[PDB]
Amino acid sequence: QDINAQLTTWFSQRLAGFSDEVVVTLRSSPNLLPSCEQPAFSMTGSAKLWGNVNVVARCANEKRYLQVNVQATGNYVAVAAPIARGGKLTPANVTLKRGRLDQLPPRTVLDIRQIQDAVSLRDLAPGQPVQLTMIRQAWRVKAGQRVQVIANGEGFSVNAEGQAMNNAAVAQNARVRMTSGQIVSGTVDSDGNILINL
């Protein structure tokens, strides 16, 4: 109830915009947790957001890996009308439906900005959750294009220009050759800009 409410609140904050109702519960053994009253929580390399995830509880020098369960509820993209192979996901064939995110199939599309100019790999029936393995996104960024690189670090923000070295869809990884000749990589946002965390 103290660790849970800490986790419930910690995840509720991390899953802002995705879910407005998050309930976390510790699953691992309570005798392995770090001795601090309130520990800093680190995500485990973006392995998962909800369901049964792993969190790094840190106490100055002592590090413990915990297992938790995140019960999130938010919006996801559902097939609203039947869709055919190589069919374009449109406002007519798809819609935003509220449901339990931790009960959704993996790589389910949550944000409508992921599926601008997306096409279906297979036939889809109404109500099915749109998964990124079931679609082909159009390339947001093309190799050879000049792109803006945005690096938000701790205490600072960097804004730079580079050249895209590969074709990449939104939320996919893009490699960029900086003006200085260095090669850096990040993820493509809806804007076509390249975001780098640290």
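Numbering starts at 1 and runs along the sequence shown.
> Comparing 138-146 with 59-67, which has the greater mean CA B-factor as deposited?
Looking at the record's C-alpha B-factors, the answer is 59-67.
> Comparing average C-alpha B factors as deposited, tell me which of 179-187 and 8-16 sits higher.
Between 8-16 and 179-187, it is 8-16 that shows the higher mean C-alpha B-factor.
> When the CA B-factors of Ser157, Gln163, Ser29, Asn166 are compared as recorded in the entry, which is the largest?
Among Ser157, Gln163, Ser29, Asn166, the highest C-alpha B-factor in the entry belongs to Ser29.
> When the CA B-factors of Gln38, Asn152, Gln131, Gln172 are compared as recorded in the entry, which is the largest?
Across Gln38, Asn152, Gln131, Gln172, the entry lists the biggest C-alpha B-factor for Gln38.
> When the modelled residues of the chain are sorted by Cα temperature factor, does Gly86 land in the lowest, middle or highest third?
Its C-alpha B-factor, which the entry lists for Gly86, ranks in the lowest third among residues of this chain.
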